[PDB]
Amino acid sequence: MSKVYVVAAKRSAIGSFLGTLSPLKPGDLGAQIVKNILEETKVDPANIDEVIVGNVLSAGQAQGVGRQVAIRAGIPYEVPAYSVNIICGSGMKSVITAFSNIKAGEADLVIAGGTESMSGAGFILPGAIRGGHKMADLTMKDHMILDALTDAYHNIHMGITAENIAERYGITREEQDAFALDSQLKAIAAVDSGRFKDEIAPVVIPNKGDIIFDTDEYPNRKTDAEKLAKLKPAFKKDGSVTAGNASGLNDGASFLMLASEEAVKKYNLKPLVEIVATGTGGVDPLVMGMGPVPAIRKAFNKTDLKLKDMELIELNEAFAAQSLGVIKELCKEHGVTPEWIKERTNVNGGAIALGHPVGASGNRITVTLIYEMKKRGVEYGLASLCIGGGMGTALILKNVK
């Protein structure tokens, strides 16, 4: 069984809701990132075995967002391409599946990622109209809210599951806003210092003049502890989750190229990192934010590594309440202190500041981890995120000098 190497890694900068990326369909945005990876590695696209594309909001795009990403990037028709939907983890699950395909000898060279345009998601008139609607109010559902953000069993916003974690673990409003403010500060330092320059592929928004988008635009440079504390609850009366301590609604795409040992040698691709192990876990949908805890457990149990071996960590910031609850549980289970976790986690900022384009985030945070691993020269890094419906995914990565 061949080791699995990451030989390329690029992401878009992340757009704000109705922001710079909002004109781009998800297939078109994703294709620009894959094309960037193709032009840099110079691999003949005909040698790719498959393209696997995380995508949640697929209504209105015509057949297969995933295949659109491949064809519009210049990958030939003979290379199959498709899409996967495990809500928030969709951009990491594509990688996990590519990992399995390479391990099982079913593939040697795979593009795996995710792409999401929450801006472009439309509104749904239910199919029950096909048989008729005699009278009264006709309600069209927001595709983004229902299909990416609404639990299918309790009909609650994901923000309610964040309140559930806050209430169950006693994570206070002030602790959530401290976490959120820190993530903003870390993101702004990373952006302004050029930290993201290597990992970001420029995206051109065709226009009256083409616009070039290359700098994350969601970080809030005009907030502070007092402003955060004065925000109103966003999801439930007298709740603690606000728009300031929750992640945003965003557009974005991100992809890896994964290669077997045979491919690395045959096509002279030099690995950035190795994927040591994967994990996918489930929890109660009502506290879906805790999904990283079984996911991380399953990934480590496939290795001789422990959480203490990780030197960098990316845990996606769906909600401050959710990440703090995850951190709290990770400490008890793995015998690390919260200060040890926090000092190495989301070191360049997280989704509260950078944004959460759902189908792409699981790949986004893996790209960010990879490039910071290389900069620091550390050996192991962990990436993981919670998933709507009560799941998580996780990747353990090892540096390849």
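The first residue of the sequence shown is number 1, and the count goes up from there.
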Discussion item. Unmodelled residues of the deposited sequence between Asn207 and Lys208: none, 1 to 3, 4 to 9, or 10 or more?
Written reply: 1 to 3
Fill in: 129-137 versus 242-250 - greater average Cα B-factor per the deposited record
129-137
Worksheet item: Mean CA B-factor: is it higher for 255-263 or for 209-217?
Response: 209-217
Discussion item. Can you tell me which of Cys88, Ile111, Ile156, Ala320 has the maximum CA B-factor listed in the PDB entry?
Written reply: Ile156
Worksheet item: Based on what the PDB entry reports, which of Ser58, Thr41, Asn346, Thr366 has the top C-alpha B-factor?
Response: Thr41
Discussion item. Ranking the modelled residues of this chain by C-alpha B-factor as given in the entry, is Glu274 in the lowest, middle or highest third?
Written reply: highest
Item to complete: Please rank the C-alpha B-factors of the chain's modelled residues and tell me whether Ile396 sits in the lowest, middle or highest third.
Response: lowest
Worksheet item: Which third of the chain holds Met118 when residues are ordered by C-alpha B factor: lowest, middle or highest?
Response: middle
Response to the item:
Entry-reported C-alpha B-factor of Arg195 relative to its chain, by third, is lowest
Worksheet item: For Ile370, does the deposited CA B-factor place it in the lowest, middle or highest third of the chain?
Response: lowest
